[PDB]
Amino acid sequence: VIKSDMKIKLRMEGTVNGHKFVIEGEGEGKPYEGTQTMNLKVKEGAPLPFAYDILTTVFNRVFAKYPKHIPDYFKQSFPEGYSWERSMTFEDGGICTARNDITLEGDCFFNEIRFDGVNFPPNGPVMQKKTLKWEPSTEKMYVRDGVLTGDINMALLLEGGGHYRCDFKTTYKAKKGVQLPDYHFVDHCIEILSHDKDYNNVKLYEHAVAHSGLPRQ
């Protein structure tokens, strides 16, 4: 049911330090190549008073290239689909919770997202919009207590060229039982390709590739 080319529709409702917003997205991706692009529009709550980058990794691991030797939990989840939940703990104490329930209808993934962020300091890089991009990252995928889990040590590049660190923990749950993978990794690169002044319109891109660990030789 997952074709070489697929469409994507998304709705996020969220709050950051109490500021409510809604963002809608429409995009397309190549699940077997691990690439996807989305156009995102702020529907309610503009202008967003915080760094848009905190939202972008919340805007589907179906879009990750899996080699034959690693079970692909995500593609096997369909047609029923899966959901994930995530915590994001930034090093200055800003904390976010997020969830996405992902379904498939025809050739289009639907993503129903909730995002909430708290305790971002008023003069920190998130509330002052001082971020530039996420550095490329490697997600560690493992099974704990029967739950597929990804851990990432993420870093946002800041104005000035320093970094602002974030610990991600994501739990992934297929809607029916799926063959679980062994310990593995997924490399990611995410980029805002373009945006308008206050990020009311954003074009976003991600590439992701699963792999094993470094060999002995």
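Note that residue numbering begins at 1 and tracks the sequence as displayed.
> Are any deposited residues left out of the model between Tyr52 and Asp53, and how many (none, 1 to 3, 4 to 9, 10 or more)?
Per the record, no deposited residues are absent between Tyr52 and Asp53.
> Between 162 to 170 and 176 to 184, name whichever shows the higher mean Cα B factor according to the PDB entry.
Mean B over CA atoms: larger for 176 to 184.
> If you take the mean CA temperature factor per stretch, which one wins between 108 to 116 and 72 to 80?
Higher of the two, by average CA B-factor, is 72 to 80.
> Quick one: which of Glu139, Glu135, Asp145, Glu91 shows the highest Cα temperature factor in the PDB entry?
Each of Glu139, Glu135, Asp145, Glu91 was compared by C-alpha B-factor; the highest is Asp145.
> Can you pull the Cα B-factors for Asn100, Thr103, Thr131, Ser87 from the entry and say which is highest?
Among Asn100, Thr103, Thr131, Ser87, the PDB entry lists the largest C-alpha B-factor for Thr103.
> Split the chain's modelled residues into thirds by Cα B-factor; is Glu206 in the lowest, middle or highest one?
For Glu206, the deposited C-alpha B-factor lands in the lowest third.
> C-alpha B factor of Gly150, ranked within the chain: lowest, middle or highest third?
For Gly150, the deposited C-alpha B-factor lands in the lowest third.
> Please say which third, lowest, middle or highest, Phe63 falls into when its CA temperature factor is compared across its chain.
Its C-alpha B-factor, which the entry lists for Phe63, ranks in the middle third among residues of this chain.
> Sorting by Cα B-factor within the chain, modelled residues only, which third would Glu28 end up in: lowest, middle or highest?
Highest third of the chain for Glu28's C-alpha B-factor.
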